[PDB]
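Next up, model.cif (mmCIF, C-alpha atoms and all ligand atoms; chains and numbers go by the auth columns):
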```cif
data_structure
#
loop_
_atom_site.group_PDB
_atom_site.id
_atom_site.type_symbol
_atom_site.label_atom_id
_atom_site.label_comp_id
_atom_site.label_asym_id
_atom_site.label_seq_id
_atom_site.Cartn_x
_atom_site.Cartn_y
_atom_site.Cartn_z
_atom_site.B_iso_or_equiv
_atom_site.auth_seq_id
_atom_site.auth_asym_id
ATOM 1 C CA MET A 1 -12.167 8.696 -2.675 0.00 1 A
ATOM 2 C CA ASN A 2 -10.258 5.936 -4.439 0.00 2 A
ATOM 3 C CA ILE A 3 -7.075 3.930 -3.974 0.00 3 A
ATOM 4 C CA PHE A 4 -4.959 6.668 -5.535 0.00 4 A
ATOM 5 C CA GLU A 5 -6.098 9.359 -3.119 0.00 5 A
ATOM 6 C CA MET A 6 -5.865 6.955 -0.190 0.00 6 A
ATOM 7 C CA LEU A 7 -2.280 5.907 -0.838 0.00 7 A
ATOM 8 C CA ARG A 8 -1.249 9.491 -1.609 0.00 8 A
ATOM 9 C CA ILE A 9 -2.382 10.345 1.915 0.00 9 A
ATOM 10 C CA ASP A 10 -0.543 7.386 3.431 0.00 10 A
ATOM 11 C CA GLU A 11 2.658 7.718 1.381 0.00 11 A
ATOM 12 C CA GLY A 12 3.009 11.475 0.925 0.00 12 A
ATOM 13 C CA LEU A 13 4.843 13.042 -2.018 0.00 13 A
ATOM 14 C CA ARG A 14 8.575 13.665 -2.425 0.00 14 A
ATOM 15 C CA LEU A 15 10.186 14.964 -5.601 0.00 15 A
ATOM 16 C CA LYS A 16 13.779 14.329 -4.505 0.00 16 A
ATOM 17 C CA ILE A 17 15.283 10.998 -3.440 0.00 17 A
ATOM 18 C CA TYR A 18 15.088 10.578 0.311 0.00 18 A
ATOM 19 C CA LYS A 19 16.339 7.943 2.740 0.00 19 A
ATOM 20 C CA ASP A 20 13.553 6.776 5.037 0.00 20 A
ATOM 21 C CA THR A 21 13.846 5.656 8.661 0.00 21 A
ATOM 22 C CA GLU A 22 14.571 2.028 7.799 0.00 22 A
ATOM 23 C CA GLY A 23 17.372 3.040 5.432 0.00 23 A
ATOM 24 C CA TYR A 24 15.649 2.651 2.051 0.00 24 A
ATOM 25 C CA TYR A 25 15.921 5.279 -0.671 0.00 25 A
ATOM 26 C CA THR A 26 12.451 6.464 -1.641 0.00 26 A
ATOM 27 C CA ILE A 27 10.888 9.098 -3.870 0.00 27 A
ATOM 28 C CA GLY A 28 7.569 10.093 -5.384 0.00 28 A
ATOM 29 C CA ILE A 29 4.538 8.563 -3.721 0.00 29 A
ATOM 30 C CA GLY A 30 6.048 5.720 -1.744 0.00 30 A
ATOM 31 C CA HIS A 31 8.303 4.499 -4.565 0.00 31 A
ATOM 32 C CA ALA A 32 10.932 2.681 -2.519 0.00 32 A
ATOM 33 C CA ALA A 33 14.199 0.974 -3.410 0.00 33 A
ATOM 34 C CA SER A 34 23.341 2.253 -2.226 0.00 34 A
ATOM 35 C CA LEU A 35 22.344 5.629 -3.635 0.00 35 A
ATOM 36 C CA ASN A 36 23.835 4.802 -7.029 0.00 36 A
ATOM 37 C CA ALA A 37 21.702 1.651 -7.122 0.00 37 A
ATOM 38 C CA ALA A 38 18.628 3.680 -6.136 0.00 38 A
ATOM 39 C CA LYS A 39 19.202 6.276 -8.839 0.00 39 A
ATOM 40 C CA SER A 40 19.823 3.550 -11.391 0.00 40 A
ATOM 41 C CA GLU A 41 16.486 1.928 -10.545 0.00 41 A
ATOM 42 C CA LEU A 42 14.769 5.309 -10.642 0.00 42 A
ATOM 43 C CA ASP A 43 16.293 6.349 -13.970 0.00 43 A
ATOM 44 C CA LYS A 44 15.168 3.093 -15.540 0.00 44 A
ATOM 45 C CA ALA A 45 11.685 3.574 -14.080 0.00 45 A
ATOM 46 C CA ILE A 46 11.351 7.204 -15.187 0.00 46 A
ATOM 47 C CA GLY A 47 13.216 6.778 -18.458 0.00 47 A
ATOM 48 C CA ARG A 48 15.947 9.428 -18.133 0.00 48 A
ATOM 49 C CA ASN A 49 18.969 10.505 -16.082 0.00 49 A
ATOM 50 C CA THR A 50 17.065 12.152 -13.198 0.00 50 A
ATOM 51 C CA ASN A 51 19.985 12.683 -10.832 0.00 51 A
ATOM 52 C CA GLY A 52 17.433 12.039 -8.130 0.00 52 A
ATOM 53 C CA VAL A 53 14.990 14.862 -8.829 0.00 53 A
ATOM 54 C CA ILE A 54 11.720 14.325 -10.686 0.00 54 A
ATOM 55 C CA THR A 55 8.543 16.176 -11.644 0.00 55 A
ATOM 56 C CA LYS A 56 5.104 15.808 -10.115 0.00 56 A
ATOM 57 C CA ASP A 57 3.840 14.214 -13.345 0.00 57 A
ATOM 58 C CA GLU A 58 6.683 11.676 -13.249 0.00 58 A
ATOM 59 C CA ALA A 59 5.903 10.878 -9.616 0.00 59 A
ATOM 60 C CA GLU A 60 2.257 10.283 -10.502 0.00 60 A
ATOM 61 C CA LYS A 61 3.124 8.007 -13.436 0.00 61 A
ATOM 62 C CA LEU A 62 5.450 5.994 -11.175 0.00 62 A
ATOM 63 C CA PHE A 63 2.696 5.860 -8.562 0.00 63 A
ATOM 64 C CA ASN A 64 0.267 4.596 -11.204 0.00 64 A
ATOM 65 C CA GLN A 65 2.762 1.883 -12.168 0.00 65 A
ATOM 66 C CA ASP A 66 3.277 0.850 -8.543 0.00 66 A
ATOM 67 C CA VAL A 67 -0.462 0.662 -7.840 0.00 67 A
ATOM 68 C CA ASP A 68 -0.944 -1.460 -10.966 0.00 68 A
ATOM 69 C CA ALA A 69 1.845 -3.782 -9.765 0.00 69 A
ATOM 70 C CA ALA A 70 0.120 -4.180 -6.407 0.00 70 A
ATOM 71 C CA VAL A 71 -3.243 -4.941 -8.021 0.00 71 A
ATOM 72 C CA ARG A 72 -1.700 -7.458 -10.413 0.00 72 A
ATOM 73 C CA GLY A 73 0.235 -9.023 -7.538 0.00 73 A
ATOM 74 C CA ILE A 74 -3.056 -9.629 -5.721 0.00 74 A
ATOM 75 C CA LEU A 75 -4.741 -11.117 -8.767 0.00 75 A
ATOM 76 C CA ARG A 76 -1.789 -13.457 -9.425 0.00 76 A
ATOM 77 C CA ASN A 77 -1.727 -14.710 -5.826 0.00 77 A
ATOM 78 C CA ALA A 78 -3.836 -17.759 -4.942 0.00 78 A
ATOM 79 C CA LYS A 79 -4.510 -16.640 -1.373 0.00 79 A
ATOM 80 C CA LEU A 80 -5.245 -12.969 -2.051 0.00 80 A
ATOM 81 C CA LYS A 81 -7.281 -13.119 -5.263 0.00 81 A
ATOM 82 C CA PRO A 82 -10.384 -14.800 -3.773 0.00 82 A
ATOM 83 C CA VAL A 83 -10.434 -12.351 -0.885 0.00 83 A
ATOM 84 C CA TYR A 84 -10.075 -9.360 -3.159 0.00 84 A
ATOM 85 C CA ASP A 85 -12.821 -10.599 -5.474 0.00 85 A
ATOM 86 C CA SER A 86 -15.192 -11.047 -2.505 0.00 86 A
ATOM 87 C CA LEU A 87 -14.616 -7.524 -1.196 0.00 87 A
ATOM 88 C CA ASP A 88 -16.544 -4.330 -1.934 0.00 88 A
ATOM 89 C CA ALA A 89 -14.696 -1.383 -3.542 0.00 89 A
ATOM 90 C CA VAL A 90 -13.566 0.332 -0.324 0.00 90 A
ATOM 91 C CA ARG A 91 -12.233 -2.774 1.385 0.00 91 A
ATOM 92 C CA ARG A 92 -10.508 -3.770 -1.883 0.00 92 A
ATOM 93 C CA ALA A 93 -8.625 -0.464 -1.668 0.00 93 A
ATOM 94 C CA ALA A 94 -7.484 -1.316 1.848 0.00 94 A
ATOM 95 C CA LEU A 95 -6.083 -4.634 0.575 0.00 95 A
ATOM 96 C CA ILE A 96 -4.287 -2.907 -2.319 0.00 96 A
ATOM 97 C CA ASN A 97 -2.952 -0.411 0.214 0.00 97 A
ATOM 98 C CA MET A 98 -1.464 -3.232 2.297 0.00 98 A
ATOM 99 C CA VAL A 99 0.105 -4.901 -0.739 0.00 99 A
ATOM 100 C CA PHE A 100 1.517 -1.579 -1.923 0.00 100 A
ATOM 101 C CA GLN A 101 3.181 -1.107 1.469 0.00 101 A
ATOM 102 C CA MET A 102 4.451 -4.581 2.332 0.00 102 A
ATOM 103 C CA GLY A 103 4.344 -6.682 -0.806 0.00 103 A
ATOM 104 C CA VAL A 104 2.233 -9.657 -1.867 0.00 104 A
ATOM 105 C CA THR A 105 3.971 -12.255 0.300 0.00 105 A
ATOM 106 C CA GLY A 106 3.589 -10.108 3.392 0.00 106 A
ATOM 107 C CA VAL A 107 -0.158 -9.660 2.982 0.00 107 A
ATOM 108 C CA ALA A 108 -0.648 -13.309 2.001 0.00 108 A
ATOM 109 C CA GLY A 109 0.780 -14.159 5.428 0.00 109 A
ATOM 110 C CA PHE A 110 -2.279 -12.670 7.186 0.00 110 A
ATOM 111 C CA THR A 111 -4.170 -15.967 7.214 0.00 111 A
ATOM 112 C CA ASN A 112 -6.703 -15.293 9.981 0.00 112 A
ATOM 113 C CA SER A 113 -7.474 -11.792 8.747 0.00 113 A
ATOM 114 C CA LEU A 114 -7.896 -12.886 5.154 0.00 114 A
ATOM 115 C CA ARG A 115 -10.294 -15.671 6.185 0.00 115 A
ATOM 116 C CA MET A 116 -12.311 -13.234 8.319 0.00 116 A
ATOM 117 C CA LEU A 117 -12.511 -10.641 5.492 0.00 117 A
ATOM 118 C CA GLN A 118 -13.683 -13.328 3.080 0.00 118 A
ATOM 119 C CA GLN A 119 -16.397 -14.212 5.636 0.00 119 A
ATOM 120 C CA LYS A 120 -17.290 -10.537 6.126 0.00 120 A
ATOM 121 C CA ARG A 121 -16.469 -10.833 9.837 0.00 121 A
ATOM 122 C CA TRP A 122 -15.127 -7.278 9.824 0.00 122 A
ATOM 123 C CA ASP A 123 -14.544 -6.885 13.570 0.00 123 A
ATOM 124 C CA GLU A 124 -12.778 -10.250 13.812 0.00 124 A
ATOM 125 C CA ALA A 125 -10.611 -9.208 10.868 0.00 125 A
ATOM 126 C CA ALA A 126 -9.773 -5.900 12.563 0.00 126 A
ATOM 127 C CA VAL A 127 -8.789 -7.624 15.816 0.00 127 A
ATOM 128 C CA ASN A 128 -6.360 -9.926 14.022 0.00 128 A
ATOM 129 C CA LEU A 129 -4.914 -7.213 11.795 0.00 129 A
ATOM 130 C CA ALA A 130 -3.913 -5.119 14.802 0.00 130 A
ATOM 131 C CA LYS A 131 -2.143 -8.097 16.383 0.00 131 A
ATOM 132 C CA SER A 132 0.750 -7.846 13.957 0.00 132 A
ATOM 133 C CA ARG A 133 4.297 -6.613 13.591 0.00 133 A
ATOM 134 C CA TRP A 134 3.040 -4.571 10.625 0.00 134 A
ATOM 135 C CA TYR A 135 0.663 -2.714 12.925 0.00 135 A
ATOM 136 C CA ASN A 136 3.270 -2.078 15.588 0.00 136 A
ATOM 137 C CA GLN A 137 5.804 -0.807 13.049 0.00 137 A
ATOM 138 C CA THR A 138 3.528 1.727 11.245 0.00 138 A
ATOM 139 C CA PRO A 139 0.563 2.022 13.635 0.00 139 A
ATOM 140 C CA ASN A 140 -1.031 5.300 12.521 0.00 140 A
ATOM 141 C CA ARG A 141 -1.268 3.990 8.982 0.00 141 A
ATOM 142 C CA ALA A 142 -2.304 0.512 10.046 0.00 142 A
ATOM 143 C CA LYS A 143 -5.101 1.999 12.146 0.00 143 A
ATOM 144 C CA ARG A 144 -6.457 3.877 9.113 0.00 144 A
ATOM 145 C CA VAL A 145 -6.257 0.756 6.943 0.00 145 A
ATOM 146 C CA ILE A 146 -7.864 -1.402 9.612 0.00 146 A
ATOM 147 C CA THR A 147 -10.682 1.085 10.229 0.00 147 A
ATOM 148 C CA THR A 148 -11.277 0.994 6.462 0.00 148 A
ATOM 149 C CA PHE A 149 -11.497 -2.818 6.490 0.00 149 A
ATOM 150 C CA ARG A 150 -13.774 -2.692 9.519 0.00 150 A
ATOM 151 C CA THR A 151 -16.260 -0.089 8.282 0.00 151 A
ATOM 152 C CA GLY A 152 -16.085 -0.301 4.504 0.00 152 A
ATOM 153 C CA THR A 153 -16.059 3.518 4.525 0.00 153 A
ATOM 154 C CA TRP A 154 -13.444 6.211 3.880 0.00 154 A
ATOM 155 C CA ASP A 155 -13.963 7.653 7.376 0.00 155 A
ATOM 156 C CA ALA A 156 -10.346 7.209 8.495 0.00 156 A
ATOM 157 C CA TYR A 157 -9.140 9.294 5.531 0.00 157 A
ATOM 158 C CA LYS A 158 -11.562 12.207 5.803 0.00 158 A
HETATM 159 CL CL CL B . -3.844 -12.420 10.270 0.00 201 B
HETATM 160 CL CL CL B . 3.413 -10.868 12.480 0.00 202 B
#
```
Would you write the structure of this file as structure tokens?
Ligand SMILES: [Cl-]
Ligand SMILES: [Cl-]
Amino acid sequence: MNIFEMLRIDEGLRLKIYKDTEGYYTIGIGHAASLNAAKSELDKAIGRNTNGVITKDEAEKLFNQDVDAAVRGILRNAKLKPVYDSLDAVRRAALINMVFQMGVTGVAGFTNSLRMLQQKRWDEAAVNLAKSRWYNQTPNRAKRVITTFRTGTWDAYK
């Protein structure tokens, strides 16, 4: 398992623009954004007039771009970079997963959890991570991500 397979599980795959529960237009593997504005962003991202329908290959390329953006966001952030560097490969994926979902600023706001992860106090980190609005909003996913941070294994995704 790697970050790509993990996020694919958490984000699913859609080949036609869809409006999620919070009102955002989304497509591909968690590529989120009016509809005209959404299609404009998508067309620029894909490189053609898609009219809202794309191929699996295009979804994967977009996904690859979005994952790269999350990784670079972590590395360019003073609070997240040190934590990421200190983590093993599996826990690093959980951090990328969080950034992919909520953005760099959002994850950087998890002060207690970040400090605990840096100190390898996995259970303390898990306790703090669950005490969040993020967790309460998308709990099934948060539980998988937290279990990953806690154990350093892919158990929650198998
Ligand atoms: Cl926190
Ligand atoms: Cl919060």
Given the PyMOL selection byres (((chain A and resi 98) around 12) and not hetatm) and the file above, list the residues it selects as a PyMOL selection string.
chain A and resi 3+6-7+10-11+67+70-71+73-74+80+84+91-97+99-110+114+129+134-135+138+141-146+148-149
For the PyMOL selection byres (((chain A and resi 29) around 6) and not hetatm), applied here, can you spell out every residue it catches as a PyMOL selection string?
chain A and resi 11-13+28+30-31+63
Contacts of residue 154 (chain A) within 9 Å, all atoms listed in the file, excl. fewer than 2 positions in-chain, as a count of residues only:
11
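Taking CA of residue 127 (chain A) as the reference point, CA of residue 113 (chain A) is found at 8.3 Å.
When CA of residue 14 (chain A) is paired with CA of residue 32 (chain A), their separation reads 11.2 Å.
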Report, in Å with one decimal, the straight-line distance from CA of residue 20 (chain A) to CA of residue 150 (chain A).
29.3 Å
For the structure provided, state which residues fall under the PyMOL selection byres (((chain A and resi 61) around 12) and not hetatm), and present them as a PDB file with C-alpha atoms, in the frame of the given file.
```
ATOM      1  CA  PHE A   4      -4.959   6.668  -5.535  1.00  0.00           C
ATOM      2  CA  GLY A  28       7.569  10.093  -5.384  1.00  0.00           C
ATOM      3  CA  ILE A  29       4.538   8.563  -3.721  1.00  0.00           C
ATOM      4  CA  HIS A  31       8.303   4.499  -4.565  1.00  0.00           C
ATOM      5  CA  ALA A  45      11.685   3.574 -14.080  1.00  0.00           C
ATOM      6  CA  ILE A  46      11.351   7.204 -15.187  1.00  0.00           C
ATOM      7  CA  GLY A  47      13.216   6.778 -18.458  1.00  0.00           C
ATOM      8  CA  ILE A  54      11.720  14.325 -10.686  1.00  0.00           C
ATOM      9  CA  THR A  55       8.543  16.176 -11.644  1.00  0.00           C
ATOM     10  CA  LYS A  56       5.104  15.808 -10.115  1.00  0.00           C
ATOM     11  CA  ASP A  57       3.840  14.214 -13.345  1.00  0.00           C
ATOM     12  CA  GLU A  58       6.683  11.676 -13.249  1.00  0.00           C
ATOM     13  CA  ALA A  59       5.903  10.878  -9.616  1.00  0.00           C
ATOM     14  CA  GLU A  60       2.257  10.283 -10.502  1.00  0.00           C
ATOM     15  CA  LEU A  62       5.450   5.994 -11.175  1.00  0.00           C
ATOM     16  CA  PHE A  63       2.696   5.860  -8.562  1.00  0.00           C
ATOM     17  CA  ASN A  64       0.267   4.596 -11.204  1.00  0.00           C
ATOM     18  CA  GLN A  65       2.762   1.883 -12.168  1.00  0.00           C
ATOM     19  CA  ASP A  66       3.277   0.850  -8.543  1.00  0.00           C
ATOM     20  CA  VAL A  67      -0.462   0.662  -7.840  1.00  0.00           C
ATOM     21  CA  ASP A  68      -0.944  -1.460 -10.966  1.00  0.00           C
TER      22      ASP A  68
END
```
